[PDB]
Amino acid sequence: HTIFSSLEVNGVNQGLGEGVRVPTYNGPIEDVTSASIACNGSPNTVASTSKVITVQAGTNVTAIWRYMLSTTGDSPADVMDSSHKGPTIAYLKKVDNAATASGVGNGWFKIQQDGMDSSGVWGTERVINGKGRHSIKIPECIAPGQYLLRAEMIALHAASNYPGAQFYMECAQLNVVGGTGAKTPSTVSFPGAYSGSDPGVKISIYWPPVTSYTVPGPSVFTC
């Protein structure tokens, strides 16, 4: 249970719910076929925001994850419960207007992931123990313009069967400046990219103990 509730750009937090479409409730999405897998949604309620955050291509934004919207601390229990082991992921989607576009459909490409490392430490643990900081590099070679940023943590502690995986995601509204447009990504759809039978979605992380993990979705886009 966790919420991506603010974005940091160049050392500066842009504000709670400012340019990030936040739900009030920190519960997961569980159905990978639901339109809610894109930018959260029903049975949650998601707030709108008219703020679009300007970001320089080639630099990093930081998604800031908190247990609740009211949370003010940054210790592990203020981010997410440490049972919630799994990957962190981030995607971009070019849109005409980042304040009104839904996220649902084709256009997403993956720009960041952190699965399980050699020491069996998971991406989510690095965020939990890293003050909730999920750092994501905006590619330098993409076309400038309006984008949605989808930042995600997947908790796999109850994912032996499907449904079981817990998907925590929110979408931020960006204006990417300075991109060269040198490369055009191949894209996937949400819903569509993840299936219930994917080996990184339906997985027992205890029996046997995992030493390699396949993060779901397409491969990472690089310049």
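All residue numbers refer to positions in the sequence shown, first residue = 1.
*Asks:* Of 210 to 218 and 14 to 22, which one has the bigger average CA B-factor?
*Replies:* The recorded data point to 210 to 218.
*Asks:* So which stretch wins on mean C-alpha B-factor, 184 to 192 or 166 to 174?
*Replies:* It is 184 to 192 that shows the higher mean C-alpha B-factor.
*Asks:* Which of these has the highest Cα B-factor in the record: 105, 139, 144, 132?
*Replies:* Comparing C-alpha B-factors across 105, 139, 144, 132, the maximum falls on 105.
*Asks:* By the entry's C-alpha temperature factors, tell me which of 121, 149, 98, 89 sits highest.
*Replies:* Largest recorded C-alpha B-factor: 121.
*Asks:* Against its chain's modelled residues, does residue 153's Cα B factor rank lowest, middle or highest third?
*Replies:* It belongs to the lowest third of the chain when residues are ordered by C-alpha B-factor.
*Asks:* Ranking every modelled residue in this chain by its Cα temperature factor as given in the entry, which third contains residue 85?
*Replies:* Bottom third by C-alpha B-factor.
*Asks:* Test of reading the entry: by CA B factor among the chain's modelled residues, which third contains residue 39?
*Replies:* For residue 39, the deposited C-alpha B-factor lands in the middle third.
*Asks:* Could you place residue 197 in the lowest, middle or highest third of its chain by Cα temperature factor, using the values in the record?
*Replies:* As the PDB entry reports it, the C-alpha B-factor of residue 197 lands in the highest third of its chain.
*Asks:* Looking at the C-alpha B-factor of residue 113, is it in the lowest, middle or highest third of its chain?
*Replies:* CA B-factor rank for residue 113: middle third.
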